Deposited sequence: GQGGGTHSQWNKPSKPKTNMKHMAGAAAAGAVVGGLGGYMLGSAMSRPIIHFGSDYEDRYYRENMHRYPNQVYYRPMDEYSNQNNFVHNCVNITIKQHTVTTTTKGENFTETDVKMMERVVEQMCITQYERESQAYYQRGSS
């Protein structure tokens, strides 16, 4: 299966229990993508499988792309997964709406 790239979306504001992470994310959220890769909606899609795949592929592709670099720390990996998951849910909402209203 290939994957579509969604349109940019605004980067999620995310609040963390760790004061360090909470501030780090505010100051560094521009380091992460504002688009996700996803499998187009079909008869087999649901939020669980859509987001599962979107998260896996978006992170994997970003690593493949960022081997113009790029020095993601452990903290960046954690920040990256949280933001990607939220954006993938937003993408699911976009695609599923378009797919049923059609």
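*Asks:* No C-alpha coordinates means not modelled. Give me those stretches of the deposited sequence in order.
*Replies:* Missing CA coords at 1 to 36, 104, 140 to 142.
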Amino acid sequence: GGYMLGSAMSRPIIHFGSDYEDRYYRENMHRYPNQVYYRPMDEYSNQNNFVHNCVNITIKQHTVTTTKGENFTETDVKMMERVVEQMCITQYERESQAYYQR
From here on, numbers count along this sequence of modelled residues.
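*Asks:* Would 46 to 54 or 70 to 78 have the larger average of its C-alpha temperature factors, as given in the entry?
*Replies:* Looking at the recorded C-alpha B-factors, 70 to 78 comes out higher on average.
*Asks:* Going by the B-factors listed in the PDB entry, is the mean over the C-alpha atoms higher for 89 to 97 or for 13 to 21?
*Replies:* Mean C-alpha B-factor is greater for 89 to 97.
*Asks:* Once the chain's modelled residues are ordered by C-alpha B factor and cut into thirds, is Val36 in the lowest, middle or highest one?
*Replies:* Bottom third by C-alpha B-factor.
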